[PDB]
Each structure stands twice: as structure tokens, then as C-alpha cells.
Amino acid sequence: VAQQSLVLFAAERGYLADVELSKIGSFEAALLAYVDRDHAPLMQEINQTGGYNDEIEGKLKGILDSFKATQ
Amino acid sequence: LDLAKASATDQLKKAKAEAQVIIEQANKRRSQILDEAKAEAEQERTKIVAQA
Amino acid sequence: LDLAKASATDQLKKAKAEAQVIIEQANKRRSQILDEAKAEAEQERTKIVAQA
């Protein structure tokens, strides 16, 4: 159920525009996914229901900006 | 000019050193987590192989 | 002052690029070591499954 959180953040805000190369997908996806998913376990709770509110914009913007900028 | 150049060089050196230390700590933590996940995956694969 | 500021900016940019390249090389080496350890653990688990 992590397709909505990872697909509704990089393909909506602007996190996937900085890493459009094919070689950066493994390091950016593994580092951002493992660092963002391991540093915050509450974000998975957003996949337990609907979303599209303050938790989706705050968790997606902070997790996408911190995970995409700290990789 | 000397104060701004020394402050910019010291801030750039401190930021590059802190970013390198944070990247080394993140790489070491990622390597240790990958080793623990590989050991847990090997133990789970051995237990599943024994049960199978 | 102009040569010191330009040399300090070029040295800071070169130090940041070298530190980022060294961090990327260290992360790639750690990922390769983790992949080799995971492959060795998978081979040991397969050999233990065949022996079992």
C-alpha cells in the first residue's frame, strides 16, 4: 500500500524532477525510501486509510524534501 | 573581503565536513542495517527451508 | 582580495565536489559490500538448504 504515498508525492510536488536519470533511481529510491521509511514509522499509517490532507502534504513534503535533499 | 572570504571558507569547510561526517555515519548505519537485514533474511530462509 | 575570494570560492567548490564524490564512492562501496554479503548469505542459505 506504499504506491499512493510514493506515487502521490514525487509525481505531484516535484521530488522526481531533480533525479530524472536512470542511474540515480537506485541510490535515490533506496536511500530516500529506506531513510524516509526507516526514520519515520508513522507515515505508513497514512497508507491505512484515505489521506489527502495535512498529514499527506506535511509528511510527503517533509519526507520527500528531507529524504530527497539529505541523500 | 578577507573577513567575508574567511567566513565563507570556514562555513563551507564546516558544512562540507559535517556533510561528509553525516554521509559516513549514514553509510555505516545503512551498511550495518543491510548486514542485520541480510542475517535476518538468511535465518528466516534457513528456518523456512527447515520447515519446508 | 579578488584573487583570495576567487581562490577561496574555487577551493570551497572543489572541496565540496570532492567531498560529495568521495561520499558517493563510499556509499557505492558500502552498497557493493552489502550486496556481496547478501549474496554470500544467500549462497550459504542455499547450501544449508541443500545439505538439509
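All Cβ positions, even for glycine, are placed from backbone atoms using ideal geometry, and neighbour counts span all protein chains on display. We did not get these values from a lab; they are worked out from the coordinates using the rules stated.
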Task: Reach of B:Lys5 by Cα under 29 Å, taken over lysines that are not fewer than 8 positions away in the same chain - done: B:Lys13, B:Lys14, B:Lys16, C:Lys5, C:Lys13, C:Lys14, C:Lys16
- [ ] Provide the per-residue ³J(HN,Hα) series for the range A:29-36, in order, calculated from phi with Karplus coefficients 6.51, -1.76, 1.60 and θ = phi - 60°, each as a whole number of Hz, with x at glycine and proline positions.
- [x] 6, 6, 6, 6, 6, 6, 6, 6
- [ ] In whole Hz, with x marking every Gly and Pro, tabulate ³J(HN,Hα) for the range C:15-23 from phi via Karplus 6.51 cos²θ - 1.76 cosθ + 1.60, θ = phi - 60°.
- [x] 6, 6, 5, 5, 5, 5, 5, 6, 6
TODO: Distances from B:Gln32 to the same position in the other copies: list them in nm, one decimal, shortest first, using label points 7 Å from Cα along Cα→Cβ.
DONE: 2.4
Open item on the list: Order these by the 10 Å Cβ neighbour count, fewest first: A:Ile56, A:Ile63, B:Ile22.
Closed with: B:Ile22, A:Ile56, A:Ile63
Task: Assigned charges on the beta-carbon of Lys, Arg, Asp, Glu; chain B dipole about Cα centre (debye) - done: 120 debye
- [ ] Please name which of A:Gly50, A:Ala40, A:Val19 has its Cα lying farthest along the dipole of chain A towards the positive end, using unit charges on Cβ (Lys, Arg +1; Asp, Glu -1) and the Cα centre as origin.
- [x] A:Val19
Task: Stretchable slack from B:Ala37 to B:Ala8, in nm (0.36 nm times residue separation minus alpha-carbon distance) - done: 6.3 nm
- [ ] May I ask you to work out the translational diffusion coefficient for chain A at 20 °C, viscosity 1.002 mPa s, via Stokes-Einstein with Rh from the Kirkwood sum over Cα pairs, reported in whole µm²/s?
- [x] 176 µm²/s
- [ ] Averaged over every viewing direction, what's the projected area of the C-alpha convex hull for the protein assembly as shown? Give it in nm², one decimal, please.
- [x] 13.8 nm²
Task: FRET efficiency, 1/(1 + (r/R0)^6) with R0 22 Å, evaluated for C:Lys28 and A:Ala69 via beta carbons - done: 0.65
TODO: Answer with one residue from C:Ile48, C:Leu3, C:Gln32: the one whose Cα lies farthest towards the positive end of the charge dipole of chain C, charges on Cβ with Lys, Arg +1 and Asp, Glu -1.
DONE: C:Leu3
- [ ] Please work out whether chain C counts as rounded, prolate or oblate from its C-alpha gyration tensor, where a ≥ b ≥ c are the square roots of the eigenvalues and a/c under 1.5 means rounded, while otherwise a/b larger than b/c means prolate and anything else oblate?
- [x] prolate
Open item on the list: How would A:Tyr15, A:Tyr34 line up from fewest to most surrounding beta-carbon atoms within 10 angstrom?
Closed with: A:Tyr34, A:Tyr15
Task: Modelled label reach - C:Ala15, point 7 Å along Cα→Cβ, the range B:11-47 residues with backbone N closer than 15 Å - done: B:11-21
